[PDB]
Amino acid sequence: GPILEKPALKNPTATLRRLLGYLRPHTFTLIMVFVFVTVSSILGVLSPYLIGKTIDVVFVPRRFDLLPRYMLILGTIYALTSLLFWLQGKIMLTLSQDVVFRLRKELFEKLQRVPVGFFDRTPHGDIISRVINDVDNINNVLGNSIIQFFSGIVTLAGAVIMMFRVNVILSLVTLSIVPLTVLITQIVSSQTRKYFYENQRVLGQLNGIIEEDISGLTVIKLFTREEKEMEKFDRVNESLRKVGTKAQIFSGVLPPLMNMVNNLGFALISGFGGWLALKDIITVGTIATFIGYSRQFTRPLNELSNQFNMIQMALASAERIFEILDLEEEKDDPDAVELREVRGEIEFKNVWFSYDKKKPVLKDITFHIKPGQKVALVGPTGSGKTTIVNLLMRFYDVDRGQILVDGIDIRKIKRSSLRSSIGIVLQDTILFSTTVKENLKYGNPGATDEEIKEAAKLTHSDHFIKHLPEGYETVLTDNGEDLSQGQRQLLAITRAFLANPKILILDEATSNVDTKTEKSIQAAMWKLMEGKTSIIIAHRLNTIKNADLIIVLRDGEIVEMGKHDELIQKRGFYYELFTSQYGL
């Protein structure tokens, strides 16, 4: 659709240079195409010349004995023209696709190595559409738009040169339609762009009204808002009818207008040509040849003008892709060492962290965990008990203070061993659209399914898993949509168990679980933590009682600590939270 504004360029040549680097291994092949496009465009301007020449040599002097010779040359000129199009096309097809394949490979590798922060800042839908469109823009311009733009140049120049070498005046007559084409196109273009966007504005509003009203129909009916909603729809719709008609008009008048310019050219060539034939200044075949050029200066000009705009639009997208490829990557340290087989000591020392560096999230957090101890970090929303998990998994890094596991600072540890020695079951973990057996295997690749079923029983999963349509072979499309949430929390528990880390973080939800599975998920929690250090964002009564340590959080500050019974008596904050929720 009609472009809004021309893209800003942070030196297009540097990005051009870089983008041309992807074309270096296929240079020999790329030269070959340019000469194909070159010769196939020249042979394309020769055709209407021979048609005039045949008329002048074979038809007019009645010298028909020369006909099979002229038709043989044409028949091969044509054959080669289409032979070259097929080559030029199929060569660039698997050439440009081989490029964006690389770009797709590289961008995805960037995904698995970029800091997790970028996925937390910008919406996932945005960063895929913006990226996949940019990749497509390159693909479009590389495989089609460039060679079509080049062909347009050779063809256009080829026709003008040969036109002038036949007759100068008739060339000036034909080229008279160029300023008409440019004047007309420019005017219609601006109008089309204007009302395109004016219509896009009103339509997006109208569509907005539709999407939300259908999604919130139940509310609209509860508030008996049908009429008011209908009235809101009407006034926009009635105004879309009016603008859409205008957008539709100006987006549709360039073809009859271009056609007219073609017919105006045909007329001039026929009149001025025929009137130059009646003075022996030109031949009749000459007139035929110029007619063969009468449409060469309308739409092919516009194609050039718009293929040029796709080029710009492409380079801008190239400039975006390269920057994503230039982002910093999570690398380890040369002094970062592998984890010794310890039992799991965790420690925070006056740690400060936030996300936007303006509003603090954790302020002066300091605590110590002993190997084996189940620890429950409790608190209301706005505490930071969830922010703990990220810092401890090094998805983020602390600003002030330091976190350390088993005596060595977490930032001086290889991420590989750290994330192997530490498990994690987030509040709403993510499953994959594969099989149950494959999902539970995700933690330990080299683990036989005979061993999995043995471990699947030790978390209360083996029952409902075999009661599935295809048992363990069952494919759970859309990340377990056909499974109840309670069953998926189980699968997450079974999965984390198979990885077998010596440190555990747990955020088991309690909200929408059925009481049956509820007793089996907590039984699974006991077998889960059996043998390792555990940190639990608790929402259950029977876990904050068995807690070897409770650490109470509030407003980013660690306020209270100590065991359950002890914290009830202080009457400070834990007692509040407890009696204002368990004081039934």
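The numbering used is simple: start at 1 and walk along the sequence shown.
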Legend entry - Residue stretch of maximal mean CA temperature factor, 160-168 vs 342-350: 342-350
Inset, instruction - Taking the mean of the C-alpha B-factors per stretch from the entry, tell me the winner out of 505-513 and 330-338. - result: 330-338
Inset, instruction - Quick one: which of 488, 105, 232, 415 shows the highest Cα temperature factor in the PDB entry? - result: 415
Inset, instruction - Tell me which of 211, 470, 238, 134 tops the list for C-alpha B factor in the record. - result: 470
Inset, instruction - Sorting the chain's modelled residues by C-alpha B-factor, tell me whether residue 465 ends up in the lowest, middle or highest third. - result: highest
Inset, instruction - Classify residue 8 as lowest, middle or highest third according to the C-alpha B-factor given in the PDB entry, relative to its own chain. - result: highest
Legend entry - residue 91 - Cα temperature factor, lowest/middle/highest third of chain: middle
Inset, instruction - Taking the values exactly as deposited, rank residue 48 by C-alpha B-factor within its chain and report the matching third: lowest, middle or highest. - result: lowest
Inset, instruction - Give the position of residue 432 by CA B-factor within its chain, expressed as the lowest, middle or highest third. - result: middle
